[PDB]
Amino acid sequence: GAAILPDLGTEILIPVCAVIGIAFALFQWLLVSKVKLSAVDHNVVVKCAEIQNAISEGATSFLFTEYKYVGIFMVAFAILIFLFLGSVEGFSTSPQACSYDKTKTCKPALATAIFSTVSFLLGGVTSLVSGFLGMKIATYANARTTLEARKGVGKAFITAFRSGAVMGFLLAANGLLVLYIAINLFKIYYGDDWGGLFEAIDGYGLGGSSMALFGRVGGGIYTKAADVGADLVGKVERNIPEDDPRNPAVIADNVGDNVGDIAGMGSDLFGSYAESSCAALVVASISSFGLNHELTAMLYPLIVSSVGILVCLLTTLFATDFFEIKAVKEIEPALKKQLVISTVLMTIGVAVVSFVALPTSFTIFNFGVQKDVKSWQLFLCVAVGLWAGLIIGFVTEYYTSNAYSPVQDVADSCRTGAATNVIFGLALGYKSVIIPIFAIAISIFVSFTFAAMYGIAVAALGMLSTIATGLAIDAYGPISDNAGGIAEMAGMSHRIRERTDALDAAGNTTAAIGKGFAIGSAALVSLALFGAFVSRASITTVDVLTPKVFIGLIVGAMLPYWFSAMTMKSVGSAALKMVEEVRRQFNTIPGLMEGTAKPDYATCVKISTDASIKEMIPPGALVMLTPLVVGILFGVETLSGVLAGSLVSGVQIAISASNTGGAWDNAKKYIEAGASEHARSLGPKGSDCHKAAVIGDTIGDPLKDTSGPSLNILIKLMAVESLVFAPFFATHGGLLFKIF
């Protein structure tokens, strides 16, 4: 049954919304361009511009190198997709009867193999663009945030936030537009074969997350090598300020914020948005929407996202135009209010979309059967994802902000040395998983009960319906981070660093929240994708108490630990190298420590470049080889276990790692700031307590910036990879069992 909103209306609405989002991004960039600087107080302005250029150059240079390797891997893997999918039906060009309707004829499997390859490359390119554009605005907005900090913490906040909004709206609108275009283009070939249309379109998220994996891990290793090295020798050893221009690692550190926390994060969340959308589309395509060719209801997830962009635009105006920050204590609540307002506004918006873009009754594919579903039930499916997100955001704030007791007790434990700081920090992260898990569990139960895998996929999208705002508050952080780095490097007044420090602490919490959203939506979309895989692979039942499934389960649960071992070890080894280099320069360049000789920044940049480009390979291979090795050797039943295991296990370590690291960072910020008697009693900077906090922070660096956040990609990527390769595994896989 047709919805109120006709198909042509949907066809107009979606790109209009994307255009509006792109326009809004450009406008914000324009407003930020009003902050002027150049390399040609004149001296402070000039110095900021020079440091900005060093950072910009370093960041652009790394991504080109990273993206060159990743893009080569992408072409290699696209060929694998083509051959494996094509081999299912012997590359025949002959049409076959639709698996979703024997009375109809569908396009050849071969076409789906081709178009899956196309959408995969599309997703990879779009994901690269997401990270690059993010890096561009971040490296443009950093120094401008620094200069605005001369006028106060509120002005600086607005520059960093407007700029964060540039990234969020660009990424959400571009991701939406590309998907919309691909669908209309692919439809020209597929015609009424919507099952094949959307199965092919599903490659988009596969490409998105494939590149995101390397961007997150590569970017992650680069930044943490520099970060740990700079901080340990500078702050713990040499008793100099963080980001001091004498420190040879400071440039790599600040470049790192852009290539990891920005570019990597950007590709990462694009993968999230793409997979959730695509997962909804596949299930709907063989549900009544796709069967009755009802375009509007079929594109329900895209309409939700179209409205999300608009909702986030309005929300943004509240922080950008309706409220002023005057005191440091107002930053975190400002940020939180963006999550609150957008959620409330999006609840309404989702109700509107459910009311006008769905028929009141319809059916959803449910493991071979068409399940009767009502539109108010779908509304609750996406709304439960939306509200799970907000809950995750609140709990994550409680655990990572130095405004609350958990982080303050972590800082407090520094009184008894680094070891107690680490014990308290590990305990905090472990403890922090409880409510997000419960939130995710509730979201699963509601959405699974109402609309099976579609409901779940649409819950994932619900959690990411406010993605423009999520990205904005998140990207705000590394920009603020760079601003303090630039302030120190340019020798600005201590008042400037205090303001940036306030901004930066809030970004710590905000980064932990973004990670919570990414993990939450990854669990959701991966479960949806798990169910879809099972159908696509002709599995009747995934029975945990069979030998094949159970070994998959316990092995899948182990993968996130293997992945974490590799990434942690990489950062550890590179940082060890970094410390040796930094020590060397301090110990052997005359005048360096005295400030009359300049350090060699390039050598540190090279160390984090070499380690990242090299060491991103094995964990990337682990994730993407796993479904192929398990699918081909052991078959779809064992692979089923693996998917379930990696999901339920990976999620726990991802959450605890990110929050522990976030907590160590803000525990350190708390001591550095001395904004209360308790904080001051832990100081001043350089005290044993401070140094214990720095130890904790640097241990948390790879936890929250390399392994932790990348785990959500491990999960969601194997999930979509297995779905895309399901027919191939079902037909040609399980060799070990076929032999014996």
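Sequential numbering from 1, following the sequence displayed.
Open item on the list: Using only C-alpha atoms and the B-factors in the entry, which stretch averages higher, 363-371 or 652-660?
Closed with: Mean C-alpha B-factor is greater for 363-371.
TODO: On mean C-alpha B-factor from the PDB entry, just flag whether 116-124 or 87-95 is the higher one.
DONE: Mean CA B-factor is higher for 87-95.
- [ ] Using the temperature factors in the entry, find which of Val217, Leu358, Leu464, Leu390 has the highest value at its Cα atom.
- [x] Reading the PDB entry, the winner on C-alpha B-factor is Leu358.
Task: Selection by C-alpha B-factor (highest) of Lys329, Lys668, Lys515, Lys569 - done: Largest recorded C-alpha B-factor: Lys329.
Open item on the list: Considering every modelled residue of the chain and its Cα B-factor in the PDB entry, is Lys36 in the lowest, middle or highest third?
Closed with: It belongs to the highest third of the chain when residues are ordered by C-alpha B-factor.
Open item on the list: Test of reading the entry: by CA B factor among the chain's modelled residues, which third contains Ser707?
Closed with: Lowest third.
- [ ] Name the third of the chain's ranked CA B-factors that contains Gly164, choosing lowest, middle or highest.
- [x] Middle third, going by the recorded CA B-factors of the chain.
- [ ] Taking the values exactly as deposited, rank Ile699 by C-alpha B-factor within its chain and report the matching third: lowest, middle or highest.
- [x] For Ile699, whose C-alpha B-factor we compare with every modelled residue in the chain, the answer is the lowest third.
TODO: Would you mind checking where the Cα B-factor of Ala675 ranks among the modelled residues of its chain, as the lowest, middle or highest third?
DONE: For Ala675, whose C-alpha B-factor we compare with every modelled residue in the chain, the answer is the middle third.
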